[PDB]
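Presented below is the structure to which this report refers.
Protein chains in written order, with my numbering: chain L, 120 to 157; chain Z, 5 to 54.
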C-alpha cells in the first residue's frame, strides 16, 4: 500500500484529502482508515 | 507727579511691574502591540501498532 513506487515513477504529489477513513461524529475529528487505499 | 512755585515742587514715579509666566507641557505616549501565530498539522498513531 506504498504509493511511493509511482510517486517515484511519475513525479506528481499524492492528494492529501482522502475519503476512505473513519470519522468520529461526536468529537468531530478523523479517526483512521476504514476503506483500504491501494 | 508734583510741582509748585511757592512751597511744594517735587517729583515721583513709583512704577512697578509684576509678571509671572508659567508653562506646563505634559506629553504621554503609550503603545502596546500583541500578536500571535498558530499552525497545526496533525498526526495519529495507527490503530494496529505494537
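All residues carry an ideal CB built from backbone N, CA and C; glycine is no exception.
Please list, in chain order, the chain Z residues whose beta carbon lies closer than 8 Å to that of residue i.
| i | result |
| --- | --- |
| residue 151 (chain L) | 48, 50 and 51 |
Name the two residues that bound the continuous alpha helix (DSSP H) containing residue i.
| i | result |
| --- | --- |
| residue 123 (chain L) | 123-128 |
Considering residue i, what are the terminal residues of the beta strand (DSSP E) in which it resides?
| i | result |
| --- | --- |
| residue 152 (chain L) | 148-152 |
Assign residue i to one of three DSSP states: helix, strand, or coil.
| i | result |
| --- | --- |
| residue 15 (chain Z) | coil |
| residue 140 (chain L) | strand |
Using a C-beta cutoff of 7 Å, does residue i count as contacting chain B?
| i | result |
| --- | --- |
| residue 29 (chain Z) | The displayed structure is made up of protein chains L and Z, and chain B is not among them. |
Using C-beta distances below 7 Å, list every residue in its chain close to residue i, excluding the 5 sequence neighbours before and after it, in chain order.
| i | result |
| --- | --- |
| residue 49 (chain Z) | none |
Once you ignore the five residues that flank residue i on each side, which residues in its own chain have a CB closer than 8 Å to its CB?
| i | result |
| --- | --- |
| residue 154 (chain L) | 138, 139 and 140 |
Would you call the stretch 149-156 of chain L and the stretch 128-140 of chain L in contact, with 3 or more CB pairs under 8 Å?
-> yes
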